[PDB]
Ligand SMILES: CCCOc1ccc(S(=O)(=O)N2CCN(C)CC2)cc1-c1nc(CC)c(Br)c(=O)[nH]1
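This document starts with one chain, in the form solved without the named molecule, laid out as structure tokens.
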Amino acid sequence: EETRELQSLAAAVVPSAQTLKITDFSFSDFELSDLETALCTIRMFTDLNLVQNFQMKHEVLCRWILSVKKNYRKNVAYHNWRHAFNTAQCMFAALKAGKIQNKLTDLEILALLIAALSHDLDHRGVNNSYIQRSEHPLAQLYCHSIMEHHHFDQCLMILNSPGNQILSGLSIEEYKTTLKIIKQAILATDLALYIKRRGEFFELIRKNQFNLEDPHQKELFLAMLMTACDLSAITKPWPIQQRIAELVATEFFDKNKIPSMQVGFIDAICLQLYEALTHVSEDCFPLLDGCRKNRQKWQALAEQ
């Protein structure tokens, strides 16, 4: 049934990060089976030293990963398991290739990876729009009166389910700190909260006053990082981004104006974010470079 899946997952060899290409910003998931994305996820926890430092039992981490995946099964494509898996992959690539890993504590890295994986688990719970089909990120802003939201209840419920407690090896003080960061990183994937707080982040960077060691600026930086990862399909190699963008038209759920939608999207949201991210961490330039190349391809298409 799904004992089968867990048994098969826990027994399998976990290939290296290099084999799985999860350290690349150009990572493509389409050829992977769901079960291979779970192996990729295990590898992310492993290479961030989270399995070791917090003594996560292998079977427990496998079951938690499958619990998370299972609870995405009714979500639309922009908020599904593949979305959260890729949000996590971008986080991993930005932590590793982008080197952000070195700037953060282990509890921050742990909360970030769990948040990336879990941030859309409540999409059907806290939204009455947006759940029939994948809606453009900016449909929030211009189309519906009420915006598109995220929550952490499902996240914490799965984390505390018997057999799924990847955090049992934390002390009480570590657990409390981690849950707090998880809650904020999940709420930060609300585009409303990004728009509300980004100008300050940009000013600090413009004025070269950005100080990651300030508790308000660390919260704000972790939030921008969550948004960078959540929106990262806008950075992908052109064929990936085209087919994801077109899901607003192609998703079967039980293309004429898309070029101008995506250019507007890049000009109003995406370009500044990856520009700002690259000033904090120069090795995240591939996200910005990808976002630039896609604007150029979408602009050429808009010129028909």
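Only the largest set of C-alpha atoms that superpose within 1.5 Å between the two forms is called the rigid core. The first residue of the sequence shown is number 1, and the count goes up from there.
A.B. asks: Is residue 176 missing in a third or more of the other PDB entries that were compared?
C.D. replies: In none of the comparable entries (those modelling both sides of it) is residue 176 left without coordinates.
A.B. asks: Check whether residue 141 goes without coordinates in at least a third of the other compared PDB entries of this protein that model residues on both sides of it.
C.D. replies: That residue is missing from at least a third of the other compared entries.
A.B. asks: Just how many deposited residues go unmodelled from residue 254 to residue 255: none, 1 to 3, 4 to 9, or 10 or more?
C.D. replies: Gap between residue 254 and residue 255: 10 or more unmodelled residues.
A.B. asks: Could you settle it for me: does 195 to 203 or 115 to 123 have the higher average Cα B factor in the PDB entry?
C.D. replies: Stretch with the higher mean C-alpha B-factor: 195 to 203.
A.B. asks: Using only C-alpha atoms and the B-factors in the entry, which stretch averages higher, 92 to 100 or 157 to 165?
C.D. replies: According to the PDB entry, the answer is 157 to 165.
A.B. asks: Given 242, 67, 55, 41, identify the residue with the highest C-alpha B factor in the PDB entry.
C.D. replies: By C-alpha B-factor in the record, 55 ranks first.
A.B. asks: Which one, 109, 186, 212, 224, has the peak C-alpha temperature factor per the PDB entry?
C.D. replies: Result of the comparison over 109, 186, 212, 224: 212.
A.B. asks: Based on the deposited C-alpha B factors for this chain, I'd like to know if residue 136 is in the lowest, middle or highest third.
C.D. replies: Middle third.
A.B. asks: Place residue 250 in the lowest, middle or highest third of its chain's C-alpha B-factors, as listed in the PDB entry.
C.D. replies: It falls in the top third of the chain.
A.B. asks: Could you say whether, by C-alpha temperature factor, residue 277 belongs to the lowest, middle or highest third of its chain?
C.D. replies: For residue 277, the deposited C-alpha B-factor lands in the middle third.
A.B. asks: Place residue 175 in the lowest, middle or highest third of its chain's C-alpha B-factors, as listed in the PDB entry.
C.D. replies: It falls in the middle third of the chain.
A.B. asks: State the tercile, meaning the lowest, middle or highest third, of residue 80 with respect to the CA B-factors recorded for its chain.
C.D. replies: According to the entry, residue 80 has a C-alpha B-factor in the chain's lowest third.
What follows is about the form solved in complex with the named molecule, which we do not show.
A.B. asks: Determine the site state, open or blocked: transfer the named molecule from its pose in the bound PDB entry by superposing the nearby C-alphas, then count ligand atoms within 2.4 Å of any backbone or C-beta atom, with 3 or more meaning blocked.
C.D. replies: After C-alpha superposition the pocket is blocked.
A.B. asks: Would you point out which of 60 to 68, 41 to 49, 256 to 264, 275 to 283 contains residues with a non-hydrogen atom within 4.5 Å of the named molecule in the bound PDB entry?
C.D. replies: In the other structure, the partner sits against 256 to 264.
A.B. asks: Answer yes if any heavy atom of residue 271 is within 4.5 Å of a heavy atom of the named molecule in the bound PDB entry; otherwise answer no.
C.D. replies: No, no contact at 4.5 Å.
A.B. asks: Taking the named molecule as it sits in the bound PDB entry, is residue 35 in contact with it (heavy atom to heavy atom, 4.5 Å or less)?
C.D. replies: No.
A.B. asks: Does at least one non-hydrogen atom of residue 201 fall within 4.5 angstroms of the named molecule in the bound PDB entry?
C.D. replies: Taking the distances in the bound PDB entry, the answer for residue 201 is no, it never comes within 4.5 Å of the named molecule.
A.B. asks: Quick one: does residue 78 come within 4.5 Å of the named molecule in the bound PDB entry, counting heavy atoms only?
C.D. replies: Output for residue 78 is yes: heavy atoms within 4.5 Å of the named molecule.
A.B. asks: With the core superposed, find the residue in 184, 75, 177, 101 that moves its CA 2 Å or more between the shown form and the other one.
C.D. replies: Going through each option, the one that shifts is 75.
A.B. asks: How about residue 32 - superposed on the rigid core, does its CA move between the shown form and the other one by 2 Å or more?
C.D. replies: After core superposition, the C-alpha of residue 32 moves less than 2 Å between the shown form and the other one.
A.B. asks: Tell me, please, whether between the shown form and the other one the C-alpha of residue 268 is shifted by 2 Å or more, with the rigid core used for superposition.
C.D. replies: Shift at residue 268: below 2 Å after core fit.
A.B. asks: Residue 248: after superposing the rigid core, is there a C-alpha shift of 2 Å or more between the shown form and the other one?
C.D. replies: Where the cores coincide, residue 248 still shows a C-alpha shift between the shown form and the other one that is 2 Å or more.
A.B. asks: Please check whether, in the bound PDB entry, the CA atoms of residue 227 and residue 249 lie closer or farther apart than here, given a change of 3 Å or more.
C.D. replies: So the answer is closer.
A.B. asks: Since the C-alpha distance between residue 274 and residue 75 changes by 3 Å or more in the bound PDB entry, give its direction relative to the shown form: closer or farther.
C.D. replies: Between the C-alphas of residue 75 and residue 274, the gap widens in the bound PDB entry (3 Å or more compared with this form).
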